[PDB]
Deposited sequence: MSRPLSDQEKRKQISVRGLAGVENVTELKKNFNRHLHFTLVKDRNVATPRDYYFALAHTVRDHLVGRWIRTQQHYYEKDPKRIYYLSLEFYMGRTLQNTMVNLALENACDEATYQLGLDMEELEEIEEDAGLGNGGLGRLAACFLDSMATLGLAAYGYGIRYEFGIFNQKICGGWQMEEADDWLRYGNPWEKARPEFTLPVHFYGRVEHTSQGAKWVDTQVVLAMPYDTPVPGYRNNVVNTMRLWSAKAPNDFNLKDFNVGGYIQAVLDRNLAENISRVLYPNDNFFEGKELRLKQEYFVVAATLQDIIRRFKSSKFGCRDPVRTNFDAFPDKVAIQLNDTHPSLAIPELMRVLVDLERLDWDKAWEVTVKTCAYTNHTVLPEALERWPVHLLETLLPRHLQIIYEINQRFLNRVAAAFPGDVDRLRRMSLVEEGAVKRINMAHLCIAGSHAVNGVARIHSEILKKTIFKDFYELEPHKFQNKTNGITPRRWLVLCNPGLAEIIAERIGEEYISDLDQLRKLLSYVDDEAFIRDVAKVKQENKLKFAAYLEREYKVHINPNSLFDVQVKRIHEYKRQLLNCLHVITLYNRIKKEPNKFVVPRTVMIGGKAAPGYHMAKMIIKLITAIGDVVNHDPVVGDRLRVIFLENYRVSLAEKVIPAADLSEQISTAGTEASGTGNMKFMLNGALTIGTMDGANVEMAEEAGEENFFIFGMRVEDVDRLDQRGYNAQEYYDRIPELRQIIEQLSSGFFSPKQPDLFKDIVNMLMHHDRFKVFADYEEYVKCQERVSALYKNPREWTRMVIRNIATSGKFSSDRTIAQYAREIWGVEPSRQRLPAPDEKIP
């Protein structure tokens, strides 16, 4: 049908049809009389999977022969979403499969909807890992993603009476056609026990053993015949009254049972610590085994790079030391040199409550040898600090890996910096903040360690897959090369005054909005006006992300309409979605508030279809692929200095939405690339927040001086949005008035004014679209291909390649 989806050749279509029928018969054990749509999905998935296999085997064989430096990306989260369409895109099979299925009397799009999301992540950090795997394969790097195969991913969110309910995400129920179990490569992981000191070094004995069984998933590069591996570990009990002993095997296997959904607040739970060590110990054994199958660990850093996705796999540092010292019998200093040159650490937040600080007593019981190694690392590190800054006793306590207090804790971030040759933030402003504030002491000691690597997204999933209409109109003008070289989008600037292109851009957006408007009715029974401005804020629910500020604007628009009903206003559909961490009370209250506002606004006859407020249920990767292409306005309104980067922001920019946002995280670089004239920038900068903190933030001041703000708080307090429970939102009002860490009121005025300017531009479709073109055209920097090339050259010491491997 469309050019970017590849050729539908006579031989390929015929071959796909017959392999489809073979799988339906032999693999699923069905015939056309009993087969359900789910059966058809699986037959197609198996058919597409077959095309990966040859390439997968020869890619790994190629790495064995060429022996390049291997990249190991360690993460507790891989937020993969669906695999079928992505695989078709990367193999150039989409049109052929669409044709083959059409001839069998099936709709491929309908079959795609059957696939479960692989929801093995919370949000941005997990999705970054997924985009990174795609880019590493596309750039021909010998890269492996290592994590945990959770049998339950991020919970499915149900909204019941306006409240979030959590439901188990049983994503493996019907099977996963993409993974291959590798029980033959099972490895032991040790827990508890105690340390003995012999004449020949320390020995970790009397341990409990849990088995780590790998499952391999193929990661295809974009049309280069490269297929890399994501290896996820599953926990298994070893085989050695009777009934209870068998039933107690569950305790060992609980390690890989469920993803921790708490992305706001560090909890210090033993099971989470077990998960972190489990992935680290199994992965490092696998790495060392592969390295030996090429005795001298001097070349270890020449052949291995380990990237730590936040501090979650930070135990890699003392585990590598443990193996090198205790098992390989290397001396401390040489083992340390190897460890530092091998490891690199990526930080994803500056918020102190999110930072991992493990109680010493927990590490003492679970990982006694690792604690001893951490103490030794700390002693030697502090000796270096003391020699560099003699007499600076406070610096010593500030930089210690061991934090003092009621409970002694290990600061995992300090451990990561000490044991890594590179530390990076995820956007320029974030990386600067690391050097100036939370890691200032470390920067002063080792300035060379600190880098920036601004985040990106893959344009395969986030343009070609989810927005084929836009990908096509772009390809018509500038060809197809931009898909793996997104900087080529700049060529679109010479079309900003092209009347045909302006019309095509706006048409693609309109089609996307109608498509999503119909999706909302068919699956959720909600009616929206597709002519309205689609105002979208989708991301996890956090106080810092300021969904509450959005809520205040919504109520402001409603109150203005009620005050002057017969005045024209630009119609809006305000959509907010995202999950709240199960333990986060305030975030759960925020969801309730959103739905409560919707209940009043959506049923006011005076409002009509001029304003609609919808809470987008169960926001996840598959939903993002639908809503983002449909959006007109992207809300990126975190308090300056709090969102390390954001990546949702980049997805919207690539897909033809304009951005209203603060100068926070990657928003700064986005505005810089597009030009500030082409962004809706408002609010305090980082410096303004700092000034207000020195003064002391007093919310009462804003309440007293802004009558429109006062009215909203009075409505919240009095029970306007909750007639049956008048004090329902007292916690929210209290926080806003007395305990607001994120200064919602301080940005309110400028936010509302800026929103008026958005409405003004939307009244002029031609000038709106021209600004959109200026955004899409400058979004190239935010490809994860760029990000990964920077990691490769500046951290891992490897060269990317767009050259294809020979096709089987």
Counting from 1 along the deposited sequence, give me every gap where there's no C-alpha, start to finish.
1-12, 253-261, 316-324, 839-843
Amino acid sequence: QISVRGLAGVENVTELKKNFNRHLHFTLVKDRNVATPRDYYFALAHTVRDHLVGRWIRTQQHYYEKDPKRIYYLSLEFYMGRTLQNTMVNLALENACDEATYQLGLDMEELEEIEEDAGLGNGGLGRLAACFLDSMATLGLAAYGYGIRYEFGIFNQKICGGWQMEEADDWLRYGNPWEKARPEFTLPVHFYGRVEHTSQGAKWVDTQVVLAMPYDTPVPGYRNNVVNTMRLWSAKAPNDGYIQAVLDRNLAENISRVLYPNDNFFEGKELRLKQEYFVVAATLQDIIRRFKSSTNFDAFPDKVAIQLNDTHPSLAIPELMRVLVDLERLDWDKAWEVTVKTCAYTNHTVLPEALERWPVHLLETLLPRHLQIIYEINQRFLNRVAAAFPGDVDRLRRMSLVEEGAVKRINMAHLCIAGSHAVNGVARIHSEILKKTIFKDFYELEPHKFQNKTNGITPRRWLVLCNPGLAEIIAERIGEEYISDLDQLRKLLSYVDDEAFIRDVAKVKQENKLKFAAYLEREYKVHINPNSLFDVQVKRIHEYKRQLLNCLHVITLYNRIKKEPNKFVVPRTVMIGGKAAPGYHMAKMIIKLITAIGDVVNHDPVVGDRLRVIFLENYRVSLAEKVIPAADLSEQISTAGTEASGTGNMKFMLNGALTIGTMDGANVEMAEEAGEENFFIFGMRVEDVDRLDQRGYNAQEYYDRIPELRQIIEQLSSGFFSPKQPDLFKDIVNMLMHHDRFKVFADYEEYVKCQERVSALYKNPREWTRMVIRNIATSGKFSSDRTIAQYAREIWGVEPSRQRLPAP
From here on, numbers count along this sequence of modelled residues.
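Only the largest set of C-alpha atoms that superpose within 1.5 Å between the two forms is called the rigid core.
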What stretch shows more C-alpha movement in 7 other deposited structures of this protein relative to this form, 269-277 or 256-264, after the core is superposed?
256-264
Check: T295 without coordinates in a third or more of other entries:
yes
Could you check the entry and say whether 36-44 or 778-786 has the higher mean CA B-factor?
36-44
Could you check which stretch, 575-583 or 516-524, carries the larger mean CA temperature factor in the entry?
516-524
Tell me which of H603, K341, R257, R322 tops the list for C-alpha B factor in the record.
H603
Specify which of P318, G147, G469, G608 carries the largest Cα B factor in the deposited PDB entry.
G608
Assert third(CA B-factor, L24) within chain per record equals middle
Can you tell me whether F381 has a C-alpha B-factor in the lowest, middle or highest third compared with the other modelled residues of the same chain?
middle
Sorting the chain's CA B-factors, does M213 end up in the lowest, middle or highest third?
lowest
Taking the values exactly as deposited, rank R685 by C-alpha B-factor within its chain and report the matching third: lowest, middle or highest.
middle
Ranking every modelled residue in this chain by its Cα temperature factor as given in the entry, which third contains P352?
middle
